[PDB]
Amino acid sequence: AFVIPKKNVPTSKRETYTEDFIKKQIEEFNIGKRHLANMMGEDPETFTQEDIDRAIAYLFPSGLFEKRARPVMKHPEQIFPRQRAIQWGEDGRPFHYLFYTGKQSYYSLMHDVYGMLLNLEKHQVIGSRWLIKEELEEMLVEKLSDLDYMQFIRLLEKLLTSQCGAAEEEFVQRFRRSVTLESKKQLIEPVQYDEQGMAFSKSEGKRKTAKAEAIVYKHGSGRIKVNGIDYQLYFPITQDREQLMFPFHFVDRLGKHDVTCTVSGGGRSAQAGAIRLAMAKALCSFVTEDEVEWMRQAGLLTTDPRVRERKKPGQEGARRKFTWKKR
Amino acid sequence: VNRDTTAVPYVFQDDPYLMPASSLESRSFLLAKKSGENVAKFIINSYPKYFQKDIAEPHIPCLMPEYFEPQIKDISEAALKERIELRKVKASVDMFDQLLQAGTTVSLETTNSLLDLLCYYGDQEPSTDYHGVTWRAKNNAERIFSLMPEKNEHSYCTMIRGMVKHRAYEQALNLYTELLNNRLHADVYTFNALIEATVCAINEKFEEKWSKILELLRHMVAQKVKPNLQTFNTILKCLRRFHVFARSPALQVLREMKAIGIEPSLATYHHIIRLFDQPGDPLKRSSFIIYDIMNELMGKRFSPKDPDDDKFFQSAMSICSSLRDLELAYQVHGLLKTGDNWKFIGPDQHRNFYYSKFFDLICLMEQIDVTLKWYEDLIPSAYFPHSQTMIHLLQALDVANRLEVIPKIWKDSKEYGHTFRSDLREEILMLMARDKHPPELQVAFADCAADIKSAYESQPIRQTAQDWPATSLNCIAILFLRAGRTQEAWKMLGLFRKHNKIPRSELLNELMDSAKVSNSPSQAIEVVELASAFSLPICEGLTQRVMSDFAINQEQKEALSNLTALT
Amino acid sequence: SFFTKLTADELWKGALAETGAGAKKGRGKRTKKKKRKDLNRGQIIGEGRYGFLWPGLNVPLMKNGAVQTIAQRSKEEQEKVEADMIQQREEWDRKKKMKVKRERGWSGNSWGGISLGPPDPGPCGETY
Amino acid sequence: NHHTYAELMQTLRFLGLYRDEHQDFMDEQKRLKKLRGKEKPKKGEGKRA
Amino acid sequence: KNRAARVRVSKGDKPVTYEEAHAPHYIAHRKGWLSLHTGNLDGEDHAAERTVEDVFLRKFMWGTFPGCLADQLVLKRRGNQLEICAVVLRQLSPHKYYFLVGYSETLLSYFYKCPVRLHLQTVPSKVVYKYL
Amino acid sequence: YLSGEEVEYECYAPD
Amino acid sequence: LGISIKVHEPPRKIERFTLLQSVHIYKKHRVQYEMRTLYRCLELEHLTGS
Amino acid sequence: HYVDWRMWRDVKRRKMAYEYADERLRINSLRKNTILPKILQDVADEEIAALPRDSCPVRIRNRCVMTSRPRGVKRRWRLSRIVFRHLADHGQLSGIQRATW
Amino acid sequence: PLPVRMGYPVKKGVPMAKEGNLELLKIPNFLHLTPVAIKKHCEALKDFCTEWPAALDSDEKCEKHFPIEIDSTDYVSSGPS
RNA sequence: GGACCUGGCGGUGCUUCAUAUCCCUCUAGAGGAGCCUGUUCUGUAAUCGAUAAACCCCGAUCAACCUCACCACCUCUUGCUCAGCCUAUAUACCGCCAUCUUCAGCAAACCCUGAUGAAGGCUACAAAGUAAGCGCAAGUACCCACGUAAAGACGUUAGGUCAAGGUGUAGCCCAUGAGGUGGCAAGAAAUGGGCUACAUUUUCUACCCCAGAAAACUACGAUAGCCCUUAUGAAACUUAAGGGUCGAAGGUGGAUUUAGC
Ligand SMILES: [K+]
Ligand SMILES: [K+]
Ligand SMILES: [K+]
Ligand SMILES: [K+]
Ligand SMILES: [K+]
Ligand SMILES: [K+]
Ligand SMILES: [Mg+2]
Ligand SMILES: [Mg+2]
Ligand SMILES: [Mg+2]
Ligand SMILES: [Mg+2]
Ligand SMILES: [Mg+2]
Ligand SMILES: [Mg+2]
Ligand SMILES: [Mg+2]
Ligand SMILES: [Mg+2]
Ligand SMILES: [Mg+2]
Ligand SMILES: [Mg+2]
Ligand SMILES: [Mg+2]
Ligand SMILES: [Mg+2]
Ligand SMILES: [Mg+2]
Ligand SMILES: [Mg+2]
Ligand SMILES: [Mg+2]
Ligand SMILES: [Mg+2]
Ligand SMILES: [Mg+2]
Ligand SMILES: [Mg+2]
Ligand SMILES: [Mg+2]
Ligand SMILES: [Mg+2]
Ligand SMILES: [Mg+2]
């Protein structure tokens, strides 16, 4: 016997969590759950996971930017990654007849879908999407290739085009994930009333570093006051006044509303832009829903995200680089 | 906030590896920590220049180095006073001699301040970090005193107090005569010491000693000196020798304190408690002395007045155990828990003695449901138990018929340093195996006996031969059978022959019942073979049982015939 | 300066020069090589040149049931301790110098013919 | 005060209470250089005399 | 290539702690600070002095508990209190740890003129986050 | 290679 | 304790500064650091000195 | 025990500048006004020029306290860029992090 | 007595356990300031407090009786000074 | 010498590409002038390092003394240090980085093919590969999920740094160490980067965008030169600011070349 440096694979190996381990981790979580409830003077019976997270954030305050790195006291089911069960018994016989494919769960699904397509022959969008590969890989609890995912989707689509019945429709919906779309419909500000009873709306707008707050009155003669000044005295530049005109002109309401707005920060153009957005948002309270959608599609209700880019070190500007020295 | 019962005292490091697991480690861990502090102070004071940068605001005087050396090198009176404050006995004497030879005048106040230093330490140097009678016959104190030109009352008083402190009782009484011949008046502190010398100077009968003391007290009244607490405390402390003779005289001192206006301290009652607590039947007198002393002390907060105040609670609990009075023990503990009275418990040795006698009295005279509440409140939070209290606790569980707690007492016993105590493991095993129990309990007793077996196998005396008592082996084997772990029990039978320990009759009979259930004739013969080796009388009768009960093969029959030949 | 000092790991990583263009392509050959030595190996916490005896750190805390006090070894008693540590260092070096020499192969510098021992035991408790 | 820090920790090393890994490293390099013949000369007795 | 405080990939046999496994850009994102004091806050003074003290204490504890430290020190300052929190191994006898705690707390209290406490947490072995 | 072949019980409160 | 208290969060301050990345040359390569100071303001009213 | 001889010279310059600060402050006050006679200010000019050269505070250099690097030092921590980064990059400087924005 | 974990987990791993967890040691925890403790602490501190004058109901009433305002600031920092 | 493999290379084939990108296209520049600054060369008794891309307002978020490591002269010798050395070696190194990277690959442990040769290992209606880990990705920071930062493995250039500090080896120890005084750093010239200009979309003033004048030898144009004052300092023809005086080249710049979605 000669001592070739002995090998140890277990060092870098992963730590699999046996089912007995999880069973004892849950006993600790239930005892700790009652301890934590006793610490905070709350009833242990009605102590929820939201209360645990709130109590842990107080007792162990962490400012780490990444939430996953902060203290956590969760149920082991949530913490520990799901573990694939034994795939054979004591006699060594695998449970599933497709074990030796190495992908028994995936190929069993292809077998079940292929079998349904056969029976149909013997017998004979907007709100939903197909699940992604990372969601299929969790239903099956296996690792999948990209082409494996495509083959499964191509086989489901081939099943919808057929005259699939109710039994063949509950199955496909297991792999359709509803896509919840946020509405682009603009939110309308409430219509308020002043001491004199004149209806008005109020909104806010931001352009670069300029911040504006505008009060649009339901009825008026077209007067606009900016920090108490006539708009043409506050904005001597003709382009800044055209920006103030743009919202009212677009909906054919020049000379129909009075506006009193306040703006701070930014330059002359950014201030006119911020007022344009504030007036447009407030003006949406006095127009029809169809007119509000036209203003949205005209770019009058979107906050401009274009702000100055920081300079980086080692270059002259935000993008400009120093001269590449002559070689 | 109250004491945390799951924790060890705050002084220890709150870590499972660093927490003390025994009363021995409780004492030694603190001594190791104090040693580290002393080594730091030794370095701080030896190399003060490294620790002289003061960045603290406000200044912290107690975090600066200490300078124990005199900084005045001139020979004069003002330089001697410095060496007296630093308590330099040799340097101060040398400086005093040189100063005297030169002929310069040394004030009286300073000459006395030099005697106070020599008379207190006995012409010896006080202990430092690193460099019988003790009234040395050749002592600077007596010499300087004789050479002294003018001697005041204070000069004699410090000589009389120093002699008595160092056990020169006879010299101090002789010096007390000169003070009177010189028409001087002593102070109360001198009288306190002379009372100590009157009793300890010579051994005589009580009546002779009690007549001298009353003469010192009357002298103290002639000289217009008022007695203090230590005057009466010294009388009671010195009467401890005479015991029964001093019982009524001692109570006359206490009644005098109350009238005069001096208030008895905890030490005043400690001395009376010890005086009345002589070996014998305490019921005759000690009963009503402790009952009356506690009614007086009920609901009183105490302040330190005498050095012996930290001995009352240890003394009072000692009698409550002797009388076996649990109601009185609660009153003593109640007094210890009022206000800040808990600080008079005493050093670690006195704290462990107090709680041992207190808890051992609870286990004895208190209900088991309350006993286990004190067990949780006191151990290890207040003290670590001695192995004899674990036994007193098991005896309390036995008397209450609550034996499901035995496995917990063993688990705790290990955590307190009693894993390898023989008297304890024998006690646990005997109680567990004394009688049969339901299957659920019997299984638990077999898991504990297994852990005990491991303790016997992995003793630290494993370097030497392993000592397996006979009772321990019999009990551990019986517990395995009754639990159904017959395989483990059969294996252990070898250890009876290896260590030559007699098997118990009950163990042999239960082994047969495990064989007849398994219908194994060889094992049944193995039992008869074991009892035959020791020549037990039950064997010859057991062989008859084996014949009928089990089918005997010709080889087995000859084997029994071989044992029959031995018969 | 105390603050310019580094740890032993930093000092050995630098001194050994195992990472570098020399060690990348074996551009440097090593007939003479700096060998790493653990200098904390035979060192006892609490033991210094002055020979102080710290109770509870390098000597027992209690002696004859009483707590020991700070003490210092005599000049003669300390030389023996120092000498004993030097001999223990050469003895340890002698233990490393004593390595059992293995049989050679077809020739002294040849690998051919040398035994490598039995193959490693397989994962399923297989042995060879 | 670099004197205080260096002098304090040097003293603590001689007392056995501080292990200076850097100093130990230097002491081993200096020890092995004597065995190699590369010892520091006596002041005034340098290679040039 | 960036080098600062990066344990480089090896053969999968090098155990690294959580702190050692995170490069500097993860500071304040995945790993916290090893010392907490007020000197680096806006409008606060004496950052230079707190920094020198911290560098010393790390060297002092490394050499005072040689071979015992299983992770970097966590230094906490509240008022004038200095708390040193160390993760140590379970090889030295408890007596030697109590000696060094008493010794270190006292020596550091007189050196920096402030009450110093040392808190020891023992682990059986260096806690391994991953094998690089 | 040829020159040289290259070169439990835990209890509480131990004394 | 019966004290009237209001709370608000003043705006945070981030102090940034730049340092060279290399020990020697390579000027155009820098490392940038920041110190973030966050604020909370407790405003108590109508309380005695005790 | 200072890092180098150059740090040791700056230590002495800082100690001597501290000892002469009051003397130099008082003499400079006589030179920094148009009230006193020139005959008196000319004598004060000679007096401050006769003080030791290393008493002048303009000769003090802010060197790295751990490496004595004379440039690239951050005054707030008194450390060179290299030493500061070493401590900052190991999370040993309270509240300091890499800046991304 | 809490099974609290902290640390960014490795792939298919879990946040590190509390034993030997330096990230939890770095946190200024509030275990000594639980709501139960704070309420008990403040019950003991009520004996130290005094009652604001009821007559001074509004700031305008304070200004009438106490026209002078004195502002001073105390600074709490960590360190020896 | 034969055959074959790998690499390198080809004034080597074909194919598809680069998105501020190789060419053209778009905008503002550099290349010409003065000035500022770096380097080279020359000069000087008088540092060093960087020095194709990936050096050249680079180590320096910075040199009148100091800094300083250089030169000349003088002085000290167990020396601020249980010495010291900015002495040699970055081709011994740690530490921290450049570079491809404006990449996506590296890879332990196994398995199989080639007769068990150097070698090779992919086809999805799939034919021998499985792969921990690392990187990318994800996540986080900044104002979003966008963008910008940050991140960016292994390897390439014995790439940069012994003068950040530390340190292997070699060398110095009345000197290659330490201190003091004074001094060097100029420009025949060449060149890189930048600033200011050559003007009318300009110049001056008011104003901060509805004005009045200026507008070619008293215009535009020096942040230069010269003189004075002030600021900092112990020290200023020297550094900085301001004023005065002066009013030059320059009239929008060849080959070539830089940056930006
Ligand atoms: K080729
Ligand atoms: K040009
Ligand atoms: K390198
Ligand atoms: K170096
Ligand atoms: K070197
Ligand atoms: K140019
Ligand atoms: Mg630009
Ligand atoms: Mg040979
Ligand atoms: Mg980079
Ligand atoms: Mg300067
Ligand atoms: Mg040009
Ligand atoms: Mg040069
Ligand atoms: Mg060069
Ligand atoms: Mg070079
Ligand atoms: Mg190059
Ligand atoms: Mg000079
Ligand atoms: Mg100079
Ligand atoms: Mg030199
Ligand atoms: Mg290199
Ligand atoms: Mg993004
Ligand atoms: Mg980047
Ligand atoms: Mg990334
Ligand atoms: Mg090179
Ligand atoms: Mg020299
Ligand atoms: Mg000018
Ligand atoms: Mg001046
Ligand atoms: Mg002109």
# chains A, B, ... in the order shown; residues from 1 in each chain; ligands from 1
>>> closest_atom_pairs(of="chain C", to="chain E", cutoff="12 Å", atoms="only C-alpha atoms", output="CSV")
residue,atom,partner,partner_atom,distance
C:1,CA,E:56,CA,11.9
C:2,CA,E:56,CA,8.7
C:3,CA,E:56,CA,7.5
C:4,CA,E:55,CA,10.7
C:5,CA,E:59,CA,9.1
C:6,CA,E:59,CA,9.1
C:7,CA,E:59,CA,9.0
C:8,CA,E:63,CA,11.1
C:19,CA,E:8,CA,11.8
C:38,CA,E:67,CA,11.7
C:39,CA,E:66,CA,11.6
C:40,CA,E:66,CA,8.3
C:41,CA,E:67,CA,10.1
C:43,CA,E:66,CA,9.8
C:44,CA,E:66,CA,9.7
C:45,CA,E:66,CA,7.7
C:46,CA,E:64,CA,9.5
C:54,CA,E:99,CA,9.2
C:55,CA,E:99,CA,8.6
C:56,CA,E:96,CA,6.2
C:57,CA,E:96,CA,5.2
C:58,CA,E:96,CA,8.5
C:59,CA,E:96,CA,10.3
C:60,CA,E:95,CA,9.5
C:61,CA,E:95,CA,8.4
C:62,CA,E:95,CA,11.3
>>> write_last_selection(atoms="C-alpha atoms", output="PDB file, in the first residue's frame")
ATOM      1  CA  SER C   1       6.509  49.768  13.615  1.00  0.00           C
ATOM      2  CA  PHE C   2       3.908  47.521  15.218  1.00  0.00           C
ATOM      3  CA  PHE C   3       1.297  48.512  12.619  1.00  0.00           C
ATOM      4  CA  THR C   4       3.440  47.502   9.613  1.00  0.00           C
ATOM      5  CA  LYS C   5       3.566  43.843  10.689  1.00  0.00           C
ATOM      6  CA  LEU C   6       1.651  41.088   8.902  1.00  0.00           C
ATOM      7  CA  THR C   7       0.372  37.627   9.763  1.00  0.00           C
ATOM      8  CA  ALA C   8       2.318  34.417   9.232  1.00  0.00           C
ATOM      9  CA  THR C  19       1.837  31.992  -7.119  1.00  0.00           C
ATOM     10  CA  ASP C  38       4.808  26.389  11.296  1.00  0.00           C
ATOM     11  CA  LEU C  39       6.457  28.602  13.910  1.00  0.00           C
ATOM     12  CA  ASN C  40       3.540  28.382  16.362  1.00  0.00           C
ATOM     13  CA  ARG C  41       3.899  24.588  16.489  1.00  0.00           C
ATOM     14  CA  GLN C  43       4.914  27.439  21.231  1.00  0.00           C
ATOM     15  CA  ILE C  44       3.056  27.451  24.555  1.00  0.00           C
ATOM     16  CA  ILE C  45       0.675  30.281  25.416  1.00  0.00           C
ATOM     17  CA  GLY C  46       2.128  32.194  28.353  1.00  0.00           C
ATOM     18  CA  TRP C  54       1.382  33.072  35.084  1.00  0.00           C
ATOM     19  CA  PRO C  55      -1.058  31.109  37.288  1.00  0.00           C
ATOM     20  CA  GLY C  56      -3.786  29.642  35.106  1.00  0.00           C
ATOM     21  CA  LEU C  57      -2.071  30.198  31.740  1.00  0.00           C
ATOM     22  CA  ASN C  58       1.278  28.353  31.642  1.00  0.00           C
ATOM     23  CA  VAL C  59       1.417  26.873  35.159  1.00  0.00           C
ATOM     24  CA  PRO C  60      -1.418  25.346  37.197  1.00  0.00           C
ATOM     25  CA  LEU C  61      -3.767  27.814  38.851  1.00  0.00           C
ATOM     26  CA  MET C  62      -3.930  26.061  42.240  1.00  0.00           C
TER      27      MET C  62
END
>>> interface_residues(of="chain H", to="chain J", cutoff="8 Å", atoms="only C-alpha atoms (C1' of nucleotides)", output="PyMOL selection string")
chain H and resi 1-2+5+8+48-49+51+53+56+58-61+67+69-72+80+82-83+99-101
>>> write_last_selection(atoms="N, CA, C and O atoms", output="short mmCIF file (atom, residue, chain, number, x, y, z; two decimals), in the first residue's frame")
data_model
loop_
_atom_site.label_atom_id
_atom_site.label_comp_id
_atom_site.auth_asym_id
_atom_site.auth_seq_id
_atom_site.Cartn_x
_atom_site.Cartn_y
_atom_site.Cartn_z
N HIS H 1 10.72 53.38 16.50
CA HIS H 1 9.64 52.41 16.16
C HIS H 1 8.62 53.02 15.20
O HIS H 1 7.60 52.40 14.90
N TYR H 2 8.89 54.23 14.74
CA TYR H 2 8.08 54.81 13.68
C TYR H 2 8.42 54.16 12.34
O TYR H 2 9.45 53.51 12.18
N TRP H 5 12.48 56.85 8.84
CA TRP H 5 13.17 58.05 9.30
C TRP H 5 12.41 59.31 8.90
O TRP H 5 12.48 60.33 9.60
N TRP H 8 9.76 59.89 11.36
CA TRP H 8 10.37 60.34 12.61
C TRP H 8 10.73 61.82 12.56
O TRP H 8 10.59 62.51 13.57
N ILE H 48 11.43 86.19 14.51
CA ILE H 48 10.74 84.98 14.07
C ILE H 48 11.59 84.22 13.06
O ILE H 48 11.48 82.99 12.96
N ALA H 49 12.44 84.91 12.31
CA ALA H 49 13.35 84.23 11.40
C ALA H 49 14.48 83.52 12.13
O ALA H 49 15.08 82.60 11.57
N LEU H 51 14.08 81.78 14.91
CA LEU H 51 13.59 80.59 15.58
C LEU H 51 13.99 79.35 14.79
O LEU H 51 14.27 79.42 13.59
N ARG H 53 14.28 76.20 12.46
CA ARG H 53 13.59 75.98 11.19
C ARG H 53 12.43 75.00 11.34
O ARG H 53 11.38 75.18 10.71
N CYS H 56 8.60 75.84 12.20
CA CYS H 56 7.69 76.43 11.22
C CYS H 56 6.65 75.40 10.80
O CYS H 56 7.02 74.31 10.34
N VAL H 58 4.65 75.12 8.28
CA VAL H 58 4.54 74.78 6.86
C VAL H 58 5.41 73.59 6.48
O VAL H 58 5.22 73.02 5.40
N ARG H 59 6.35 73.21 7.33
CA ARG H 59 7.21 72.06 7.08
C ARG H 59 6.60 70.76 7.55
O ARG H 59 7.12 69.69 7.23
N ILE H 60 5.50 70.81 8.30
CA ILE H 60 4.80 69.60 8.71
C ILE H 60 4.11 68.99 7.50
O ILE H 60 3.45 69.69 6.72
N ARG H 61 4.28 67.68 7.33
CA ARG H 61 3.69 66.94 6.23
C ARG H 61 2.72 65.91 6.78
O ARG H 61 3.06 65.17 7.71
N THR H 67 1.86 53.86 7.20
CA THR H 67 2.86 53.57 6.18
C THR H 67 3.78 54.74 5.86
O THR H 67 4.75 54.54 5.12
N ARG H 69 3.33 57.18 3.92
CA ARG H 69 3.19 57.68 2.56
C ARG H 69 2.87 59.17 2.60
O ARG H 69 1.90 59.56 3.26
N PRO H 70 3.64 60.03 1.93
CA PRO H 70 3.42 61.47 2.05
C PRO H 70 2.31 62.02 1.17
O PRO H 70 1.83 63.13 1.44
N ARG H 71 1.88 61.29 0.14
CA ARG H 71 0.82 61.73 -0.75
C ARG H 71 -0.23 60.64 -0.85
O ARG H 71 0.00 59.48 -0.48
N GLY H 72 -1.40 61.01 -1.36
CA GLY H 72 -2.51 60.08 -1.42
C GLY H 72 -3.12 59.78 -0.08
O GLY H 72 -3.69 58.70 0.11
N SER H 80 -3.20 56.48 3.88
CA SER H 80 -3.00 56.55 2.45
C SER H 80 -4.14 55.85 1.72
O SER H 80 -4.89 55.06 2.30
N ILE H 82 -3.94 53.47 -0.32
CA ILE H 82 -3.74 52.03 -0.33
C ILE H 82 -4.18 51.42 1.00
O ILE H 82 -4.89 50.41 1.03
N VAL H 83 -3.76 52.03 2.11
CA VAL H 83 -4.09 51.48 3.42
C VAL H 83 -5.57 51.65 3.72
O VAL H 83 -6.21 50.75 4.27
N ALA H 99 -19.19 52.78 -3.57
CA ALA H 99 -20.20 53.72 -4.04
C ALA H 99 -20.61 53.37 -5.46
O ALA H 99 -19.78 53.39 -6.37
N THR H 100 -21.89 53.05 -5.64
CA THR H 100 -22.48 52.86 -6.96
C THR H 100 -23.74 53.70 -7.04
O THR H 100 -24.58 53.67 -6.13
N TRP H 101 -23.87 54.46 -8.12
CA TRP H 101 -25.06 55.28 -8.33
C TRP H 101 -25.13 55.74 -9.78
O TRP H 101 -24.21 55.51 -10.56
#
>>> residues_near_ligand(ligand="ligand 21", cutoff="10 Å", atoms="only C-alpha atoms (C1' of nucleotides) and all ligand atoms", output="PyMOL selection string")
(chain A and resi 312-313) or (chain G and resi 29-31) or (chain J and resi 148-152)
>>> residues_near_ligand(ligand="ligand 20", cutoff="9 Å", atoms="only C-alpha atoms (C1' of nucleotides) and all ligand atoms", output="PyMOL selection string")
chain J and resi 145-147
>>> write_last_selection(atoms="N, CA, C and O atoms (P, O5', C5', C4', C3', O3' and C1' of nucleotides)", output="PDB file, in the first residue's frame")
ATOM      1  P     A J 145     -35.391  48.300 -11.180  1.00  0.00           P
ATOM      2  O5'   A J 145     -36.084  47.458 -12.341  1.00  0.00           O
ATOM      3  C5'   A J 145     -35.465  46.290 -12.865  1.00  0.00           C
ATOM      4  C4'   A J 145     -36.100  45.850 -14.161  1.00  0.00           C
ATOM      5  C3'   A J 145     -36.220  46.937 -15.226  1.00  0.00           C
ATOM      6  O3'   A J 145     -36.090  46.355 -16.522  1.00  0.00           O
ATOM      7  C1'   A J 145     -38.369  46.152 -14.670  1.00  0.00           C
ATOM      8  P     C J 146     -34.636  46.048 -17.127  1.00  0.00           P
ATOM      9  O5'   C J 146     -34.316  47.328 -18.017  1.00  0.00           O
ATOM     10  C5'   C J 146     -35.012  47.568 -19.230  1.00  0.00           C
ATOM     11  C4'   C J 146     -34.898  49.011 -19.649  1.00  0.00           C
ATOM     12  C3'   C J 146     -33.491  49.585 -19.667  1.00  0.00           C
ATOM     13  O3'   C J 146     -32.779  49.262 -20.849  1.00  0.00           O
ATOM     14  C1'   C J 146     -34.942  51.085 -18.555  1.00  0.00           C
ATOM     15  P     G J 147     -31.297  48.652 -20.766  1.00  0.00           P
ATOM     16  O5'   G J 147     -30.374  49.919 -20.495  1.00  0.00           O
ATOM     17  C5'   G J 147     -30.410  51.046 -21.356  1.00  0.00           C
ATOM     18  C4'   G J 147     -29.972  52.295 -20.637  1.00  0.00           C
ATOM     19  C3'   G J 147     -28.598  52.234 -19.989  1.00  0.00           C
ATOM     20  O3'   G J 147     -27.550  52.501 -20.904  1.00  0.00           O
ATOM     21  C1'   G J 147     -30.162  53.087 -18.438  1.00  0.00           C
TER      22        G J 147
END
>>> residues_around(residues="residue I:11", least_positions_apart="4", cutoff="12 Å", atoms="only C-alpha atoms (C1' of nucleotides)", output="list in words")
residues 14, 15, 80 and 81 of chain A; 129 and 130 of chain E; 15 of chain I; 132, 133 and 138 of chain J
>>> residues_near_ligand(ligand="ligand 4", cutoff="12 Å", atoms="only C-alpha atoms (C1' of nucleotides) and all ligand atoms", output="list in words")
residues 14 of chain C; 23 and 24 of chain G; 67 of chain H; 86, 90, 93, 94, 95, 96, 161, 162, 163, 164, 165, 166 and 167 of chain J
>>> interface_residues(of="chain E", to="chain B", cutoff="9 Å", atoms="only C-alpha atoms", output="PyMOL selection string")
chain E and resi 80+90+93-107+109-115+119-123
>>> residues_near_ligand(ligand="ligand 12", cutoff="9 Å", atoms="only C-alpha atoms (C1' of nucleotides) and all ligand atoms", output="MDAnalysis selection string")
chainID J and resid 39 48:50
>>> closest_residue(among="J:199, J:215, J:175, J:143", to="chain D", atoms="only C-alpha atoms (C1' of nucleotides)")
J:175
>>> interface_residues(of="chain E", to="chain G", cutoff="8 Å", atoms="only C-alpha atoms", output="ChimeraX atom specification")
/E:40-42
>>> write_last_selection(atoms="N, CA, C and O atoms", output="PDB file, in the first residue's frame")
ATOM      1  N   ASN E  40     -17.643  57.823  11.487  1.00  0.00           N
ATOM      2  CA  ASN E  40     -17.790  57.975  10.047  1.00  0.00           C
ATOM      3  C   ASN E  40     -19.146  58.539   9.643  1.00  0.00           C
ATOM      4  O   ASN E  40     -19.426  58.648   8.447  1.00  0.00           O
ATOM      5  N   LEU E  41     -19.987  58.908  10.604  1.00  0.00           N
ATOM      6  CA  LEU E  41     -21.226  59.602  10.289  1.00  0.00           C
ATOM      7  C   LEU E  41     -20.950  61.071   9.996  1.00  0.00           C
ATOM      8  O   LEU E  41     -19.979  61.654  10.484  1.00  0.00           O
ATOM      9  N   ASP E  42     -21.817  61.666   9.182  1.00  0.00           N
ATOM     10  CA  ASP E  42     -21.676  63.073   8.837  1.00  0.00           C
ATOM     11  C   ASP E  42     -21.733  63.938  10.090  1.00  0.00           C
ATOM     12  O   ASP E  42     -22.604  63.760  10.946  1.00  0.00           O
TER      13      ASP E  42
END
>>> residues_around(residues="residue G:9", least_positions_apart="4", cutoff="7 Å", atoms="only C-alpha atoms (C1' of nucleotides)", output="PyMOL selection string")
chain G and resi 39-41
>>> residues_near_ligand(ligand="ligand 15", cutoff="12 Å", atoms="only C-alpha atoms (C1' of nucleotides) and all ligand atoms", output="list in words")
residues 327 of chain A; 50, 51, 52, 53, 54, 55, 98, 99, 157, 159 and 160 of chain J
>>> interface_residues(of="chain E", to="chain I", cutoff="7 Å", atoms="only C-alpha atoms", output="ChimeraX atom specification")
/E:30-34,37-38,74,77-80,87,113-114,123,127
>>> residues_near_ligand(ligand="ligand 6", cutoff="8 Å", atoms="only C-alpha atoms (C1' of nucleotides) and all ligand atoms", output="VMD selection string")
chain J and resid 30 192 to 194
>>> atom_distance(atom1="atom CA of residue A:128", atom2="atom CA of residue A:148")
21.4 Å
>>> atom_distance(atom1="atom CA of residue F:3", atom2="atom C1' of residue J:168")
26.8 Å
